[PDB]
Structures are given as structure tokens and as C-alpha cells.
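Taking the form deposited in one PDB entry, here's one chain by itself in C-alpha cells.
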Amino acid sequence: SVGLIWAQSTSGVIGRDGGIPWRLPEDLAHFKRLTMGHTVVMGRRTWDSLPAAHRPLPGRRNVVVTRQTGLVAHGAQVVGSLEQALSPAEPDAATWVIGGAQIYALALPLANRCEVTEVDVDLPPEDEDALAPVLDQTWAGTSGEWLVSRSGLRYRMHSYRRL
């Protein structure tokens, strides 16, 4: 099982300026609950975007997809392709692809599940933004109710499974 997990604004922005242009603690908790104890696969930009307190992501096997020989920032296992990231895999569990846009595009054809957090923040896309992948007719989804964060932002979760 290969799952994509991401958070996006309603407009479909996932990234800006090498980071994420909102703060939503409830989504961080959701992300940790779904990924704890599992392998997480990310693109190298996302690895370099992690604040030092969160790099590597604790309690997870951190796999970084890069074309470079290796990385200056410690704690990752580097691989040269998504296929190398995904095999061998943890039994009875999902391997989670955790971004960013380039790595989501690589993984989308291989994925069985998507776990999306939608954040109701008004973020018209800007020219260098990373955008969420668009899902096609091979996905069936369900959506949770709108929730209110302690910061006042509304958010909700969507879950998709391959037909």
C-alpha cells in the first residue's frame, strides 16, 4: 500500500517560498497519527524545508528522493528514484508519500490511497506556488465534516481510495 498524504488550501496551494503558507496544529496532529511508526517518502526540497526540530521526522523511517549523491542535513536515507524508495516495504501498513509536488507527481500513478486535509484559508495561487495534485476518475473519495481549529481556521479531511 502506497498512500499520498497532503494538506492544501481550498484553492489547491500546498507550498510557497519553500514552506507551507498556513499554520494548522490539528493537521500536524493528524499527520503524525497517520504516519507514526511508518516509512515516509519525501522529495529533497521537502527534507530541506523541515525545521531542525522535525528533521528527521521522529518515529518514522525518513526516505528522501534526490538525484544527488547524498545530503548535508543528517537523518535521511537517500534514494535515487521512487521505486527504490518503495521496495522493500513495511508489511500490513502503508508507505506514506509526504510531498512535495514533484514527489506527489511521481507517486500518484503508484498510489492506492490519498489522505487530504483541506484548509479554508484564502490563498490565491502565486506564481511560484506548489499546487496539489489533481485526482482523476480512478479515485473514489469520502469527506469529513468541517471542523474549527483553535486558531479559527476551518478545515476538513478527505480520503480517497483507488477504484
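When you see a residue number, it is the position in the sequence shown, counting from 1. Think of the rigid core as the biggest set of C-alphas that the two forms share within 1.5 Å after superposition.
A second form of this protein, the form deposited in another entry, is not displayed here; the remarks below concern that form.
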Next on the checklist: Checking residue 51 here: with the core superposed, does its CA move 2 Å or more between this form and the one not shown?
Outcome noted: no
Next on the checklist: With a threshold of 2 Å on the C-alpha, tell me if residue 79 counts as moved between this form and the one not shown once the core is superposed.
Outcome noted: no
Next on the checklist: Tell me whether residue 70 is among the residues that move between this form and the one not shown (Cα shift of 2 angstroms or more, core superposed).
Outcome noted: yes
Checklist entry - Relative to the form shown here, do the C-alpha atoms of residue 89 and residue 117 sit closer together or farther apart in that other deposited form, given a change of 3 Å or more? => result farther
Checklist entry - Would one find the Cα atoms of residue 92 and residue 60 closer or farther in that other deposited form than in this form, where their distance changes by 3 Å or more? => result closer
